[PDB]
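> Here it is: the structure, laid out below.
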Amino acid sequence: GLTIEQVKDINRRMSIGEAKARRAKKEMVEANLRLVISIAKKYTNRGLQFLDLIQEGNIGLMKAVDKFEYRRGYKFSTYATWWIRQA
DNA sequence: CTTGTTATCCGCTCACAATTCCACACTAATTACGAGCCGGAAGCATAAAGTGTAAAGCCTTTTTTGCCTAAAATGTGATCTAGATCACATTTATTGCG
């Protein structure tokens with residue numbers, strides 16, 4: 001129900017906001033890889049290998065960083081490790 | 001003097017255990033719990049057309065039974081001729097020999 005010319009304008013500016021945020025979150029999911037292996041000692045030999053253990057650990061950190069609020073009393077080193085041990 | 005290829009050396013990843021049967025005896029650790037949720041099935045009686053089972057109800061055919069009796073098979077024993085029986089004693093005829 002939109003013009004083929006203007007419909008592109010809506011999406012072209014969405015790739016700008018998601019890009020400035022994506023690259024900005026690539027620095028938090030790289031310097032915090034030490035916390036993933038830290039709590040990865042509670043689910044070692046059980047049924048899944050260690051190589052596939054930090055798999056659900058890295059995906060969890062990338063989820064918490066997105067739903068994180070710097071304007072909140074709780075820090076990140078505690079709020080992020082919540083979704084990690086959940087995956 | 002500097003440069004190259006080549007030879008020797010090392011540590012490394014790599015490929016690589018072969019005399020031949022059986023018997024007896026023995027053996028395993030670990031991820032926080034509780035409340036709420038949807039799940040399968042506990043096997044419940046239901047009910048129907050459909051199916052295949054299970055009583056025994058008179059017919060017909062087979063098979064054992066008891067039957068009757070007309071006609072054929074079956075002892076009676078004392079006398080009497082045609083038959084049989086043993087053992088191993090002595091007499092007889094067979095083919096040749098000389």
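Residues in the structure tokens are numbered from 1 in each chain, the chains being A, B, ... in the order shown, and ligands are numbered from 1 in the order shown.
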Restrict the distance test to only C-alpha atoms (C1' of nucleotides), flag each residue of chain A within 8 Å of chain B, and return the flagged residues as number ranges by chain.
A: 42-43, 46
> Could you build a table of the residues in stretch 23-45 of chain A lying no more than 8 Å from stretch 71-85 of chain A, giving for each the nearest pair of atoms and their separation in Å rounded to one decimal place, using only C-alpha atoms, ordered by chain and ascending residue number, as a Markdown table?

```
| residue | atom | partner | partner_atom | distance |
| --- | --- | --- | --- | --- |
| A:35 | CA | A:81 | CA | 7.7 |
| A:36 | CA | A:84 | CA | 7.5 |
| A:39 | CA | A:85 | CA | 7.5 |
```
> Take the residues that were just selected and, keeping N, CA and C atoms, output them as an mmCIF file, in the first residue's frame.

```
data_model
loop_
_atom_site.group_PDB
_atom_site.id
_atom_site.type_symbol
_atom_site.label_atom_id
_atom_site.label_comp_id
_atom_site.auth_asym_id
_atom_site.auth_seq_id
_atom_site.Cartn_x
_atom_site.Cartn_y
_atom_site.Cartn_z
ATOM 1 N N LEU A 35 34.393 -14.349 30.973
ATOM 2 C CA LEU A 35 33.323 -14.663 31.913
ATOM 3 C C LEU A 35 32.536 -15.888 31.463
ATOM 4 N N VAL A 36 32.588 -16.176 30.167
ATOM 5 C CA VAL A 36 31.884 -17.323 29.607
ATOM 6 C C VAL A 36 32.520 -18.633 30.060
ATOM 7 N N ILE A 39 32.137 -19.495 34.234
ATOM 8 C CA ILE A 39 30.988 -20.246 34.725
ATOM 9 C C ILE A 39 30.755 -21.522 33.919
#
```
> Could you check the closest approach to residue A:29 for each of A:69, A:86, A:59, A:44 and tell me which residue wins, using only C-alpha atoms?
A:59
> Can you list, as a short mmCIF file (atom, residue, chain, number, x, y, z; two decimals) with N, CA, C and O atoms, in the first residue's frame, every residue of chain A that DSSP puts in alpha helix (DSSP H)?

```cif
data_model
loop_
_atom_site.label_atom_id
_atom_site.label_comp_id
_atom_site.auth_asym_id
_atom_site.auth_seq_id
_atom_site.Cartn_x
_atom_site.Cartn_y
_atom_site.Cartn_z
N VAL A 7 9.00 3.46 -0.20
CA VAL A 7 9.10 2.26 0.64
C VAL A 7 10.55 1.91 0.92
O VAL A 7 10.86 1.30 1.95
N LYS A 8 11.44 2.29 0.01
CA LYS A 8 12.87 2.02 0.18
C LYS A 8 13.48 2.97 1.20
O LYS A 8 14.48 2.64 1.85
N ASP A 9 12.89 4.15 1.34
CA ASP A 9 13.39 5.16 2.27
C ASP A 9 13.25 4.71 3.72
O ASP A 9 14.07 5.05 4.57
N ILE A 10 12.20 3.93 3.99
CA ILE A 10 11.95 3.44 5.34
C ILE A 10 13.01 2.45 5.80
O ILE A 10 13.49 2.51 6.93
N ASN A 11 13.39 1.54 4.90
CA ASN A 11 14.35 0.49 5.23
C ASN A 11 15.80 0.96 5.17
O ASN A 11 16.64 0.49 5.93
N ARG A 12 16.09 1.88 4.25
CA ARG A 12 17.46 2.35 4.06
C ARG A 12 18.00 3.05 5.30
O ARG A 12 19.21 3.09 5.52
N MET A 14 16.96 2.19 8.38
CA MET A 14 16.95 1.20 9.45
C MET A 14 18.28 0.46 9.51
O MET A 14 18.68 -0.03 10.57
N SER A 15 18.96 0.40 8.37
CA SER A 15 20.26 -0.26 8.30
C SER A 15 21.35 0.65 8.86
O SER A 15 22.50 0.23 9.04
N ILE A 16 20.99 1.90 9.14
CA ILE A 16 21.93 2.87 9.69
C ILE A 16 21.93 2.81 11.21
O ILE A 16 22.98 2.93 11.85
N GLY A 17 20.75 2.63 11.79
CA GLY A 17 20.61 2.56 13.24
C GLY A 17 21.04 1.23 13.80
O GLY A 17 21.55 1.15 14.92
N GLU A 18 20.85 0.16 13.03
CA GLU A 18 21.22 -1.18 13.46
C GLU A 18 22.72 -1.41 13.29
O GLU A 18 23.30 -2.28 13.94
N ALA A 19 23.34 -0.63 12.41
CA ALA A 19 24.77 -0.75 12.16
C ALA A 19 25.59 -0.04 13.23
O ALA A 19 26.64 -0.53 13.65
N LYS A 20 25.11 1.12 13.66
CA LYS A 20 25.80 1.90 14.68
C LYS A 20 25.71 1.22 16.04
O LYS A 20 26.56 1.44 16.91
N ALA A 21 24.69 0.39 16.22
CA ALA A 21 24.50 -0.33 17.47
C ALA A 21 25.18 -1.70 17.44
O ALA A 21 25.73 -2.15 18.45
N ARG A 22 25.16 -2.34 16.28
CA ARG A 22 25.77 -3.66 16.12
C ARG A 22 27.26 -3.62 16.41
O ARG A 22 27.76 -4.35 17.26
N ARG A 23 27.97 -2.75 15.69
CA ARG A 23 29.42 -2.61 15.86
C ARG A 23 29.77 -2.13 17.26
O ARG A 23 30.85 -2.41 17.78
N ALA A 24 28.84 -1.41 17.88
CA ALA A 24 29.05 -0.89 19.23
C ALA A 24 28.92 -2.00 20.27
O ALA A 24 29.42 -1.87 21.39
N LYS A 25 28.24 -3.08 19.90
CA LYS A 25 28.04 -4.20 20.80
C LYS A 25 29.05 -5.32 20.53
O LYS A 25 29.10 -6.31 21.25
N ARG A 34 35.93 -13.97 28.78
CA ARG A 34 36.57 -14.58 29.94
C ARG A 34 35.54 -15.02 30.97
O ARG A 34 35.78 -15.94 31.75
N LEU A 35 34.39 -14.35 30.97
CA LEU A 35 33.32 -14.66 31.91
C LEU A 35 32.54 -15.89 31.46
O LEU A 35 31.90 -16.56 32.27
N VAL A 36 32.59 -16.18 30.17
CA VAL A 36 31.88 -17.32 29.61
C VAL A 36 32.52 -18.63 30.06
O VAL A 36 31.82 -19.56 30.47
N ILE A 37 33.84 -18.70 29.98
CA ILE A 37 34.58 -19.89 30.39
C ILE A 37 34.59 -20.03 31.91
O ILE A 37 34.71 -21.14 32.44
N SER A 38 34.47 -18.91 32.60
CA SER A 38 34.48 -18.89 34.06
C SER A 38 33.37 -19.77 34.64
O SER A 38 33.63 -20.66 35.44
N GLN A 55 29.15 -22.71 23.57
CA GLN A 55 28.28 -22.36 22.46
C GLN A 55 27.05 -21.62 22.96
O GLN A 55 26.71 -20.55 22.45
N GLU A 56 26.38 -22.19 23.95
CA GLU A 56 25.21 -21.57 24.55
C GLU A 56 25.61 -20.46 25.51
O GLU A 56 24.76 -19.72 26.01
N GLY A 57 26.91 -20.34 25.76
CA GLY A 57 27.43 -19.31 26.64
C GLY A 57 27.68 -18.01 25.91
O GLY A 57 27.47 -16.93 26.45
N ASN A 58 28.14 -18.12 24.66
CA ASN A 58 28.41 -16.94 23.84
C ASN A 58 27.13 -16.32 23.30
O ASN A 58 27.01 -15.10 23.19
N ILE A 59 26.16 -17.17 22.96
CA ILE A 59 24.89 -16.71 22.43
C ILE A 59 24.08 -16.00 23.51
O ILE A 59 23.27 -15.11 23.22
N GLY A 60 24.30 -16.38 24.76
CA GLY A 60 23.61 -15.78 25.88
C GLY A 60 24.14 -14.39 26.21
O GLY A 60 23.38 -13.50 26.59
N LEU A 61 25.44 -14.22 26.06
CA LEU A 61 26.08 -12.93 26.32
C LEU A 61 25.67 -11.90 25.28
O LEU A 61 25.57 -10.71 25.58
N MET A 62 25.44 -12.36 24.06
CA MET A 62 25.04 -11.48 22.97
C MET A 62 23.57 -11.08 23.09
O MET A 62 23.11 -10.14 22.43
N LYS A 63 22.83 -11.79 23.93
CA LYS A 63 21.42 -11.49 24.16
C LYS A 63 21.25 -10.51 25.31
O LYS A 63 20.39 -9.62 25.26
N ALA A 64 22.06 -10.67 26.35
CA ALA A 64 21.99 -9.80 27.52
C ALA A 64 22.49 -8.40 27.21
O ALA A 64 21.96 -7.41 27.73
N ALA A 80 24.41 -10.14 32.81
CA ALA A 80 24.73 -10.87 31.59
C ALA A 80 24.92 -12.36 31.85
O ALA A 80 24.57 -13.20 31.02
N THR A 81 25.48 -12.69 33.01
CA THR A 81 25.75 -14.08 33.37
C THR A 81 24.47 -14.83 33.74
O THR A 81 24.51 -16.02 34.05
N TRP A 82 23.35 -14.12 33.70
CA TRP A 82 22.06 -14.72 34.03
C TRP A 82 21.51 -15.52 32.85
O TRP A 82 21.03 -16.64 33.01
N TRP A 83 21.58 -14.93 31.66
CA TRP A 83 21.10 -15.58 30.45
C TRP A 83 22.09 -16.63 29.95
O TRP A 83 21.71 -17.56 29.24
N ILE A 84 23.35 -16.48 30.33
CA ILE A 84 24.39 -17.40 29.91
C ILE A 84 24.19 -18.79 30.52
O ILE A 84 24.19 -19.79 29.81
#
```
